[PDB]
Number of protein chains: 4
Amino acid sequence: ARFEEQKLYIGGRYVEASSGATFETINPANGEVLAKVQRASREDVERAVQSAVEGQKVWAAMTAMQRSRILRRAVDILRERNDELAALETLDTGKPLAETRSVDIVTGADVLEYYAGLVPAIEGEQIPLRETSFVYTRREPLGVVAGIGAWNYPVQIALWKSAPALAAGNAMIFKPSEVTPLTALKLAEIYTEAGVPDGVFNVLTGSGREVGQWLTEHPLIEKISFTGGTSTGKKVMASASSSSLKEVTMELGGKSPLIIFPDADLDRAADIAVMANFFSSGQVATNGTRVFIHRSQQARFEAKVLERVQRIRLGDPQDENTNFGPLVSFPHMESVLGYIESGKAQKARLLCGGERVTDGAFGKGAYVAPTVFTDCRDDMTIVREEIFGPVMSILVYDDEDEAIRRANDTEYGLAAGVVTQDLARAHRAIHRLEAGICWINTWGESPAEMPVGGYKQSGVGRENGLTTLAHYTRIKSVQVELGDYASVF
Amino acid sequence: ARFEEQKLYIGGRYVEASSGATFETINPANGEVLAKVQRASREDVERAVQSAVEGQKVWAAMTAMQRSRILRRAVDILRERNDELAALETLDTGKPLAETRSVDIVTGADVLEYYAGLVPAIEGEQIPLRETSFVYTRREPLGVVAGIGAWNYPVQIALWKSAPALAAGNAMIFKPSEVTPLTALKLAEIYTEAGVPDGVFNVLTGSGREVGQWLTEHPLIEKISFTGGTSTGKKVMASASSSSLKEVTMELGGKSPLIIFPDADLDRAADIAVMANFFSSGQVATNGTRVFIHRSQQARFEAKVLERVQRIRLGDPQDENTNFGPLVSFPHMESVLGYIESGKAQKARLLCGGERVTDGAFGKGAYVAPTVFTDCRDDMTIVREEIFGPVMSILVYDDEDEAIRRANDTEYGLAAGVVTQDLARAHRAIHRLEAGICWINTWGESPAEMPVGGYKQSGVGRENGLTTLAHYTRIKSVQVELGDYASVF
Amino acid sequence: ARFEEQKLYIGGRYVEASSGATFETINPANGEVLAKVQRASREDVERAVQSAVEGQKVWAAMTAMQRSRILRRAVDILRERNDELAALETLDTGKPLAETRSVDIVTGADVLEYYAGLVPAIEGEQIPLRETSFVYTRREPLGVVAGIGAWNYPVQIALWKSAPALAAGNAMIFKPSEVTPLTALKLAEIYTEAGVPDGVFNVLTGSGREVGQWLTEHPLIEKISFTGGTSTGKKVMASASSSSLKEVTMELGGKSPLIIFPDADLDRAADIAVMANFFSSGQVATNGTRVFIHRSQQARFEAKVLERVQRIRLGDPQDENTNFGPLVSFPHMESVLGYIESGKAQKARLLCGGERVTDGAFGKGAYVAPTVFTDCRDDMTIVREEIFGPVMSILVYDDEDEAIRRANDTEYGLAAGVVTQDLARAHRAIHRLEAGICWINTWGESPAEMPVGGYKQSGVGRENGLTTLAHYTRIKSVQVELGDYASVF
Amino acid sequence: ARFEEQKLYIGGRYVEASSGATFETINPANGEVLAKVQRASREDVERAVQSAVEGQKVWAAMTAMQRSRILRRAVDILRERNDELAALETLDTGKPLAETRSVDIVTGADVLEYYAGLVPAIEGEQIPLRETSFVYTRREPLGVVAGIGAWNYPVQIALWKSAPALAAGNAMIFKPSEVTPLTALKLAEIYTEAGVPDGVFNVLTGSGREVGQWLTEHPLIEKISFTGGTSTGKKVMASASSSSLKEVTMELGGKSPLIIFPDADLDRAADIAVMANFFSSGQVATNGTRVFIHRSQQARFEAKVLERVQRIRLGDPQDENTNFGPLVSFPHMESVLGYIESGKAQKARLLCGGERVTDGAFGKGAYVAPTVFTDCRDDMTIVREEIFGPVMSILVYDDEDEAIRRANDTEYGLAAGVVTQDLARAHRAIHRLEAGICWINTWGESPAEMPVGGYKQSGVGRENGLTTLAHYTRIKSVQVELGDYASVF
Ligand SMILES: NC(=O)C1=CN([C@@H]2O[C@H](COP(=O)(O)OP(=O)(O)OC[C@H]3O[C@@H](n4cnc5c(N)ncnc54)[C@H](OP(=O)(O)O)[C@@H]3O)[C@@H](O)[C@H]2O)C=CC1
Ligand SMILES: [K+]
Ligand SMILES: [K+]
Ligand SMILES: [K+]
Ligand SMILES: [K+]
Ligand SMILES: [K+]
Ligand SMILES: [K+]
Ligand SMILES: [K+]
Ligand SMILES: [K+]
């Protein structure tokens with residue numbers, strides 16, 4: 001393998017798993033093996049939890065500013081090592097070096113940086129009741145929490161989950177996707193290097209149906225934060241609930257609507273549509289995979305998108321000039337391809353791509369071409385279901401109300417967007433679109449200040465923003481009685 | 001039956017259930033049949049959801065102050081009908097008039113009144129990103145939510161759940177306990193009469209394993225708030241998650257510790273202990289059912305408790321002089337009597353009570369004497385397990401840390417309290433107790449301002465206070481882009 | 001005199017002033033003497049102060065919800081007496097009944113209602129320092145505060161000032177303008193009737209030459225809230241500061257810019273401009289008295305402005321059909337005509353009005369015509385100075401940065417507003433305008449939720465919204481030390 | 001002159017004053033002349049203001065995080081140069097190195113570090129009004145603000161004032177005390193080196209009567225924050241107000257009460273009493289200069305105080321073993337000595353100290369001994385007036401209510417504290433004390449998170465805590481109208 005065997009990270013160091021099993025992570029750009037990775041056993045989960053229980057006590061016993069300084073140090077390291085971490089992430093995800101070098105770690109560290117600064121700002125409340133009595137609340141750490149990551153943005157997700165958790169005074173046990181375990185272990189080394197006490201950020205590798213579930217079930221873990229498919233989320237949330245009533249955050253899937261109004265600049269709109277569909281090779285949960293265009297503009301719009309799509313630079317992720325990589329895994333390419341086939345079979349009109357790219361060494365990698373379907377109907381499987389691949393579904397509408405209604409006609413509610421230049425229409429439409437993450441005349445930016453998460457079946461809770469920090473603490477209310485105590489007995 | 005048949009309440013009026021079935025509700029003081037009550041069918045649930053969906057739109061379209069005035073009027077009617085409502089709650093629960101007249105509606109209304117005032121105060125945030133882009137959040141209503149109530153404070157629970165839901169622009173479908181459906185239907189009448197749009201507060205009667213589960217499963221219901229046992233909550237929450245990823249609030253069971261430190265006034269400590277065990281015949285979730293007393297004060301404390309217990313006025317709940325009534329039902333009595341038998345069998349010393357009271361008219365009802373066990377030990381069933389009846393367990397300890405360790409040694413974590421005259425000990429101890437609701441030198445008061453709920457397996461989320469109101473809304477983040485849009489493609 | 005002699009209001013009743021002096025208030029519509037009004041002596045100020053001190057204790061000893069209910073009862077009485085109070089304010093101000101009936105008391109009560117509901121939401125903070133120490137803050141009432149009202153919205157301003165003051169648990173001594181003293185006395189009666197304790201809202205009649213001055217100087221008064229001219233504000237604040245270090249809030253004057261951009265609907269823009277200029281006969285501090293129109297539209301704009309002005313229904317304020325009344329007083333009419341003179345003298349083109357209206361009955365009142373100057377220039381006295389009367393100055397501009405730069409070129413900064421259909425321009429422009437109150441495509445609406453107040457020399461502090469309530473309490477920080485104390489000596 | 005001549009700091013470098021004048025800063029330990037310092041001329045003030053104006057635009061043009069990173073950079077530099085700055089402050093103030101090394105820069109930087117993390121957290125609000133309209137608020141920088149420093153903690157004060165000002169996106173012009181100009185100039189360098197844009201922090205030296213007043217009078221400065229005597233603050237505030245309605249912060253004098261209740265541990269009480277009187281040689285505004293002791297404990301308490309005072313190590317500020325330095329100047333020393341004489345004159349019993357220390361090298365410095373007066377009376381000049389030197393007045397009392405009434409009986413109200421082991425007394429007593437800064441069983445600690453400032457004549461506004469950052473922005477409300485506009489005309 002390219003790298004030595006990846007071990008478990010528990011208590012500020014690597015330790016041997018006790019499962020006697022490993023799995024491989026595969027570079028999707030060429031099918032080669034990057035590393036063999038240990039599977040955590042049930043007893044390894046138990047070792048990580050006790051490690052965290054004790055680590056958390058040390059972390060919590062420090063002052064607010066002590067925690068803040070340690071996390072700012074981690075940020076400093078992440079900045080130093082941005083390129084190196086981006087390179088590792090490219091190997092593990094297949095994503096273009098152009099994306100990983102400027103996005104994954106940058107915005108990951110951005111969020112940690114944001115929370116690091118907010119540690120001393122976590123406050124409770126005080127409420128006078130009467131002269132002889134008052135209450136004050138404390139916002140205590142939950143204790144030991146667990147994050148479970150997806151494969152599309154491995155270290156970013158690991159940072160967005162562990163940043164608020166740790167900033168709130170908690171220990172997090174983290175499980176990356178089997179598909180992409182590498183950068184998570186690197187983060188753990190970095191946290192330790194920065195001063196994060198042993199046990200406070202532990203990483204367990206393995207499958208979700210094993211270690212994932214062992215985590216969601218463990219009695220001592222107070223909260224699960226999960227990122228992945230709506231279908232899987234439902235199972236994960238059910239188990240966190242029924243085992244010990246854990247608190248939960250769920251960041252799930254979507255089929256996010258982009259509505260392009262007639263008064264939009266069809267150039268900006270096309271840029272937004274492609275960006276909302278083809279960045280990270282279509283592997284972004286918030287993607288605007290249902291694009292609504294007015295009938296009077298379909299033709300023109302279809303022409304601008306095509307022109308754009310044709311200049312997309314598919315190629316080796318290692319190539320600085322590549323801005324569109326292979327998909328993350330071969331089985332996922334197979335899934336995506338299935339969808340594109342469904343499209344064809346359902347008489348959706350193909351506008352571009354529509355097939356695997358095999359020319360040359362591309363055949364050794366999991367490449368799918370940027371694909372666009374148009375003349376779509378709301379009942380087509382490619383329009384109802386999340387593909388999580390490079391597949392845009394263009395849809396035609398006749399009036400604003402009809403478009404909003406259709407945009408909302410889904411069990412998903414992750415993101416939504418409008419392109420218009422009219423003041424009233426921008427706000428009017430956005431207020432009516434049933435999604436947690438809404439964009440006006442843009443797409444995809446996710447500032448650390450902005451709470452993001454889904455409506456309906458796209459999630460529970462939120463990540464980022466001031467609100468997310470509070471949701472990593474538990475409220476304790478204390479009534480102080482200074483006066484006499486009355487009894488009816 | 002005493003009263004005419006009780007029907008469903010949907011869309012501002014009573015409607016016929018479509019199940020073909022009914023159940024009876026019983027006065028536990030004398031076993032009298034109070035009413036035949038209809039069982040909501042699966043299709044009745046659908047009817048109620050569609051009613052709520054449409055009513056919620058009417059309610060949300062009003063202005064903040066319009067909603068506030070309507071809720072305040074509902075508060076006004078409650079004050080008028082306090083006594084009438086108390087009389088009804090007494091019949092249905094067995095709780096003394098002296099409690100229902102001064103606690104249940106008073107404090108149910110206190111919370112509605114609190115939230116009525118805060119409707120106009122619900123706000124989102126605004127964050128500048130750069131000269132050319134900012135974000136604002138909206139706190140939008142969830143839509144339709146479900147409340148599932150418990151039998152011990154039937155109307156107060158419907159109010160504590162319906163107030164924040166309605167104040168935040170939601171509609172709520174409420175299912176009272178099959179054991180005590182009567183006052184919840186009255187609340188629904190009062191809401192309608194106050195101006196609450198039809199469909200905004202609907203009441204469905206029946207069983208939890210049926211109508212409750214149909215509620216937790218329904219895909220158009222965005223949130224469940226549940227009050228009941230920990231075992232039940234785990235099921236409810238699994239159901240709410242697996243079905244459609246609902247938001248959840250859970251107010252569950254407890255085995256809350258009361259630590260009486262050696263510098264306590266033992267008269268106050270005995271008053272506190274008795275109030276924390278025998279109010280509402282011991283049927284209060286936050287009851288301090290494990291009372292820790294220092295070895296050196298055991299005998300004196302016991303004598304004080306005994307003296308107070310002996311003067312407790314067990315009797316007919318319609319008699320104003322009664323301050324201790326029957327349990328809620330015959331099957332709950334049998335449950336409590338079994339716990340009592342467990343305590344005798346495991347060699348706890350019986351300080352007083354310990355049996356059913358059947359003398360005179362009491363034979364017709366479910367009366368269990370206020371009971372005190374002492375010389376208890378941590379491993380005893382009566383100490384480990386929530387009894388939810390008038391059974392106090394006294395436990396001797398030798399030092400402060402020992403007491404705190406034992407107080408914390410439980411899967412519960414609803415409430416906790418200390419009695420001490422020492423400034424440092426008071427706060428030191430409370431800060432280390434793993435419970436959501438903490439009392440110093442008092443017990444039982446639950447101000448509308450004070451967020452209440454459980455640590456650990458005693459709950460998920462909170463009720464009352466500013467924070468709770470927020471958890472009845474969903475965050476929408478809206479990014480406005482005022483400048484150019486950049487595409488990498 | 002139409003009414004009997006008006007007395008001081010101290011301690012829940014009318015009492016005789018001790019000055020031996022009275023002033024008259026005049027109906028500006030017909031010159032009728034409405035009433036003689038006693039002027040407070042210095043000794044009367046002292047008496048009002050002691051009353052407020054003892055009253056405030058009683059008010060503050062209540063529970064939050066207790067204060068809330070009393071303020072809500074005052075709100076109910078105000079709604080009952082809306083028309084009656086409107087009639088009286090119409091007599092005293094000359095403002096049209098069509099205004100006083102739908103605006104003054106309505107929005108006055110709106111704010112009191114809003115604050116009524118927020119009383120129980122006033123909270124402090126809690127902050128853990130370390131295991132052995134934490135801090136909590138209390139928000140304590142200031143004590144006795146002073147309100148100084150203006151003559152353009154007498155009862156509304158009295159409401160907007162006393163509502164947050166009383167809601168935060170203070171007592172207020174209020175001084176209405178000598179010009180409009182009548183309704184403030186009525187509000188005092190109402191508060192008493194609603195349950196406001198004696199002394200908590202005392203009214204002292206007199207002028208800024210005597211009583212106003214005694215209040216700002218009083219050692220025992222903790223805060224001054226002032227509405228009036230920037231010039232008077234500077235004196236008031238100086239006196240308030242140097243005398244005893246008072247908190248001050250000041251709502252002062254303006255010369256607010258209204259920028260019509262080239263893409264604006266001119267019908268709306270004209271609607272906006274006339275409203276922004278002639279409501280309450282131009283007697284509104286936030287009036288958009290500098291209207292920027294693009295050279296290309298100057299012609300079409302003036303036409304629509306002129307068409308609207310000409311249909312203004314100047315007339316007797318007691319006629320429901322009137323929508324434009326006389327000015328508040330003859331001395332203020334003289335001031336306004338003075339400015340109209342200046343505009344003529346300085347060669348500004350007079351589009352309409354420009355003169356005292358004297359036809360028939362109007363000759364006995366203080367009517368001035370809706371006046372529009374155009375072709376104005378930035379150095380014109382009418383363009384730089386606040387007229388506070390029905391006088392719109394239209395300014396031509398060429399480009400967007402120019403209009404903004406010019407809108408900003410003033411020592412004022414109360415309001416500003418833009419008219420445009422463009423999403424980007426609307427926000428981009430408003431963010432650059434240096435005013436505390438900014439309108440997009442509308443004017444004048446001042447929602448209870450919306451903090452209002454001035455940039456630069458247009459004010460200090462704010463009125464309305466959540467933030468304002470906080471400024472009627474002082475912060476006390478409490479550090480609790482539970483651990484050891486360390487000394488270097 | 002130990003150092004070269006000190007120039008004005010403007011626009012990122014030292015520049016020449018245009019006054020032609022200078023003053024000397026002394027060293028109170030030896031009389032040495034540390035430097036000559038140029039007086040800023042009225043035109044220099046004009047210069048600093050225009051520099052500030054342009055710098056602010058640069059600062060504000062950055063992102064929140066960029067600003068954050070720069071202030072964190074500054075913090076790092078301060079930690080490095082902690083000892084070196086300490087040594088300089090020790091020369092310019094006379095305070096023991098033992099203090100300056102561990103307090104002045106440490107806690108100065110603490111506050112900067114705190115606010116650096118909070119820059120991104122500054123947010124406005126969003127308020128829906130109806131389907132067609134909503135408002136949002138922006139918290140914009142004030143612009144240019146001024147700080148006027150005091151001489152007891154020169155660099156800490158400059159940090160506490162500029163930290164929030166800069167974090168909120170303002171430029172500050174700071175004027176050190178003539179008595180202690182050195183460290184302020186060093187901080188200006190440090191900021192510039194950290195990356196703070198030119199103009200954002202400028203230092204002008206000279207008199208308050210002149211340059212102080214020129215700053216408070218300037219029409220382009222938006223706010224003044226001042227620290228010094230109540231007498232002067234009143235003047236300063238009047239000027240800031242009468243000139244242009246500037247927002248103001250005033251941290252002023254006090255005569256803070258310390259109440260030792262009869263259950264207090266006397267050792268802890270004596271330690272607190274001495275820390276509260278003799279740290280920084282008694283030159284701290286929040287000092288407990290009036291110590292109330294119960295009659296029953298007076299003798300034992302005085303004894304314990306004496307024992308501690310006798311072992312105080314007065315000596316050379318340069319020596320590491322000194323914990324009690326000379327006063328800040330010979331003039332200030334005379335003032336203190338005057339007070340000390342008044343005390344002798346009025347027959348207070350001198351427990352110890354009460355004269356200058358002249359033995360040896362001490363005669364070359366402004367050394368007053370640690371002085372304790374006992375048997376004081378409330379009307380003594382030493383009890384009524386702030387001495388600002390090493391003088392403790394001990395006051396006997398008989399009961400709690402008395403002690404609280406006497407504690408409150410003063411026009412000051414900066415700080416207060418109690419010593420007691422009783423939970424109820426501690427909170428009850430503190431709630432009744434009219435001071436902004438209250439300590440329980442401790443004294444002196446001032447967490448970055450804790451808002452600190454005075455009641456009554458001890459101040460206006462606060463320093464530190466979340467609240468202070470907010471008062472360095474101004475609120476703009478924006479109403480967005482998305483529907484029709486209605487005109488009565
Ligand atoms: N919206 C998003 O962010 C993502 C959505 N998806 C959607 O999911 C589909 C399949 O991708 P897939 O790889 O299956 O992603 P999943 O959603 O199945 O998995 C996400 C994460 O959850 C873990 N997990 C999987 N099953 C369980 C379980 N039973 N209990 C606890 N944890 C579990 C996984 O571990 P492991 O997989 O290592 O076994 C992984 O870490 C895709 O088509 C895509 O549409 C997928 C990934 C991210
Ligand atoms: K991989
Ligand atoms: K959800
Ligand atoms: K019943
Ligand atoms: K829980
Ligand atoms: K008048
Ligand atoms: K101002
Ligand atoms: K000096
Ligand atoms: K003050």
# chains A, B, ... in the order shown; residues from 1 in each chain; ligands from 1
>>> select_by_dssp(residues="stretch 167-317 of chain C", states="strand (DSSP E or B)", output="ChimeraX atom specification")
/C:171-175,201-203,223-227,247-251,257-260,290-294,314
>>> residues_near_ligand(ligand="ligand 3", cutoff="12 Å", atoms="only C-alpha atoms and all ligand atoms", output="JSON, numbers by chain")
{"A": [230, 233, 234, 237, 248, 249, 250, 251, 252, 253, 411, 412, 413, 414, 434, 435, 436, 453, 454, 455, 456, 457, 458, 459, 460, 461, 462], "B": [142, 143, 144, 145, 219, 220, 221, 222, 223, 224, 240, 241, 242, 243, 244, 245, 246, 247, 248, 471, 472, 473, 474, 475]}
>>> write_last_selection(atoms="N, CA and C atoms", output="compact mmCIF listing (two decimals), in the first residue's frame")
# COMPACT_ATOMS: atom_id res chain seq x y z
N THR A 230 -30.24 10.43 4.15
CA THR A 230 -31.47 10.49 4.91
C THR A 230 -31.89 9.11 5.40
N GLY A 233 -29.55 8.03 8.10
CA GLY A 233 -29.76 8.91 9.24
C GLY A 233 -30.91 8.44 10.10
N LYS A 234 -32.00 8.05 9.45
CA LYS A 234 -33.17 7.58 10.17
C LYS A 234 -32.84 6.42 11.09
N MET A 237 -30.47 7.78 13.94
CA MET A 237 -31.22 8.58 14.91
C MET A 237 -32.13 7.73 15.77
N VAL A 248 -29.28 14.62 19.42
CA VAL A 248 -28.80 14.37 18.05
C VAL A 248 -28.68 15.59 17.13
N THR A 249 -27.64 15.58 16.32
CA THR A 249 -27.58 16.41 15.13
C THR A 249 -27.51 15.50 13.91
N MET A 250 -28.33 15.79 12.91
CA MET A 250 -28.33 15.03 11.66
C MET A 250 -28.17 15.99 10.49
N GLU A 251 -27.10 15.83 9.73
CA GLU A 251 -26.95 16.56 8.47
C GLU A 251 -27.13 15.59 7.30
N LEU A 252 -28.30 15.64 6.66
CA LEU A 252 -28.68 14.60 5.71
C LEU A 252 -28.65 15.01 4.25
N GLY A 253 -29.37 14.27 3.42
CA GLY A 253 -29.35 14.48 1.99
C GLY A 253 -30.31 15.56 1.55
N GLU A 411 -39.70 15.66 0.04
CA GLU A 411 -39.56 15.36 1.47
C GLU A 411 -38.22 15.88 1.98
N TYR A 412 -37.44 16.44 1.06
CA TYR A 412 -36.14 17.02 1.37
C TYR A 412 -36.29 18.52 1.65
N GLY A 413 -35.27 19.12 2.24
CA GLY A 413 -35.34 20.54 2.57
C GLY A 413 -34.02 21.09 3.04
N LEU A 414 -32.96 20.71 2.34
CA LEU A 414 -31.62 21.06 2.76
C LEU A 414 -31.31 22.47 2.32
N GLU A 434 -39.21 26.07 1.34
CA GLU A 434 -39.08 25.25 2.54
C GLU A 434 -37.72 24.54 2.64
N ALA A 435 -36.68 25.29 3.00
CA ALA A 435 -35.34 24.74 3.17
C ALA A 435 -34.58 25.52 4.24
N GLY A 436 -33.60 24.89 4.88
CA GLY A 436 -32.80 25.54 5.91
C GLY A 436 -31.67 26.43 5.40
N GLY A 453 -28.23 23.44 7.95
CA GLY A 453 -28.87 22.19 8.29
C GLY A 453 -30.19 22.14 7.54
N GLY A 454 -30.92 21.04 7.65
CA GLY A 454 -32.10 20.84 6.83
C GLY A 454 -33.46 20.95 7.50
N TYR A 455 -34.46 21.28 6.68
CA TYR A 455 -35.87 21.15 7.03
C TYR A 455 -36.34 19.72 6.74
N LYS A 456 -37.48 19.35 7.30
CA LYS A 456 -38.10 18.09 6.94
C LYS A 456 -37.12 16.94 7.10
N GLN A 457 -36.94 16.17 6.04
CA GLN A 457 -36.12 14.96 6.15
C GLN A 457 -34.66 15.16 5.76
N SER A 458 -34.23 16.42 5.65
CA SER A 458 -32.82 16.70 5.34
C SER A 458 -31.97 16.92 6.59
N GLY A 459 -32.60 16.91 7.76
CA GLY A 459 -31.84 16.97 9.00
C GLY A 459 -32.58 17.24 10.30
N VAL A 460 -31.82 17.22 11.39
CA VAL A 460 -32.26 17.64 12.70
C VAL A 460 -31.12 18.49 13.22
N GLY A 461 -31.41 19.67 13.73
CA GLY A 461 -30.34 20.53 14.25
C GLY A 461 -29.57 21.26 13.16
N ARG A 462 -28.44 21.85 13.52
CA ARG A 462 -27.69 22.67 12.59
C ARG A 462 -26.21 22.58 12.92
N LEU B 142 -42.38 25.51 12.88
CA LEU B 142 -42.18 24.14 12.40
C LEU B 142 -43.32 23.72 11.49
N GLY B 143 -44.52 24.14 11.84
CA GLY B 143 -45.73 23.76 11.15
C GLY B 143 -46.68 23.05 12.11
N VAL B 144 -46.88 21.75 11.88
CA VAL B 144 -47.75 20.96 12.73
C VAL B 144 -46.90 20.16 13.71
N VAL B 145 -47.26 20.24 14.99
CA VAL B 145 -46.52 19.49 16.00
C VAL B 145 -47.48 18.68 16.85
N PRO B 219 -46.02 11.67 8.60
CA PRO B 219 -44.93 12.36 7.90
C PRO B 219 -45.06 13.89 7.83
N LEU B 220 -46.26 14.41 8.08
CA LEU B 220 -46.51 15.85 8.03
C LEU B 220 -46.33 16.50 9.40
N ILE B 221 -46.06 15.70 10.41
CA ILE B 221 -45.87 16.23 11.75
C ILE B 221 -44.39 16.48 11.94
N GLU B 222 -44.04 17.70 12.28
CA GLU B 222 -42.64 18.11 12.26
C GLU B 222 -41.92 17.94 13.61
N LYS B 223 -42.69 17.77 14.68
CA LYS B 223 -42.11 17.66 16.02
C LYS B 223 -43.04 16.97 17.00
N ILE B 224 -42.44 16.14 17.85
CA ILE B 224 -43.14 15.51 18.95
C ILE B 224 -42.58 16.01 20.29
N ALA B 240 -40.43 8.53 16.34
CA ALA B 240 -40.33 9.87 15.77
C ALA B 240 -39.15 10.02 14.82
N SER B 241 -38.05 9.33 15.11
CA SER B 241 -36.84 9.45 14.29
C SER B 241 -36.95 8.63 13.02
N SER B 242 -37.18 7.33 13.19
CA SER B 242 -37.16 6.42 12.07
C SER B 242 -38.23 6.78 11.04
N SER B 243 -39.33 7.36 11.49
CA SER B 243 -40.45 7.62 10.59
C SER B 243 -40.15 8.73 9.59
N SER B 244 -39.75 9.90 10.08
CA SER B 244 -39.60 11.08 9.24
C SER B 244 -38.67 12.13 9.86
N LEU B 245 -37.77 11.68 10.73
CA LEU B 245 -36.79 12.55 11.38
C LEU B 245 -37.40 13.76 12.06
N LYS B 246 -38.30 13.54 13.02
CA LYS B 246 -38.92 14.66 13.70
C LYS B 246 -38.01 15.27 14.77
N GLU B 247 -38.21 16.56 15.07
CA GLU B 247 -37.63 17.15 16.27
C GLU B 247 -38.39 16.56 17.46
N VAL B 248 -37.70 16.38 18.59
CA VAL B 248 -38.33 15.81 19.79
C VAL B 248 -37.97 16.57 21.08
N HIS B 471 -36.94 26.45 20.50
CA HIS B 471 -36.95 25.08 19.99
C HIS B 471 -38.27 24.68 19.33
N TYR B 472 -39.20 25.62 19.28
CA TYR B 472 -40.42 25.44 18.50
C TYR B 472 -40.39 26.18 17.14
N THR B 473 -39.21 26.57 16.72
CA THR B 473 -39.01 27.16 15.43
C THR B 473 -37.86 26.48 14.74
N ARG B 474 -37.75 26.67 13.44
CA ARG B 474 -36.64 26.17 12.69
C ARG B 474 -35.88 27.32 12.12
N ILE B 475 -34.58 27.19 12.03
CA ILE B 475 -33.77 28.27 11.51
C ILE B 475 -33.68 28.20 9.98
>>> select_by_dssp(residues="stretch 189-253 of chain B", states="helix (DSSP H, G or I)", output="PyMOL selection string")
chain B and resi 189-194+208-217+230-244
>>> interface_residues(of="chain D", to="chain A", cutoff="7 Å", atoms="only C-alpha atoms", output="PyMOL selection string")
chain D and resi 117-118+424+482
>>> residues_near_ligand(ligand="ligand 1", cutoff="9 Å", atoms="only C-alpha atoms and all ligand atoms", output="ChimeraX atom specification")
/A:148-153,175-181,205-216,226-233,235-237,239,251-254,283-286,332,335-336,385-389,458
>>> residues_around(residues="residue C:396", least_positions_apart="5", cutoff="12 Å", atoms="only C-alpha atoms", output="list in words")
residues 258, 259, 260, 261, 262, 290, 291, 292, 293, 294, 295, 296, 297, 298, 299, 301, 302, 373, 374, 375, 376, 377, 378, 402, 403, 406 and 407 of chain C
>>> residues_near_ligand(ligand="ligand 6", cutoff="6 Å", atoms="only C-alpha atoms and all ligand atoms", output="ChimeraX atom specification")
/C:25-27,92-93,179-180
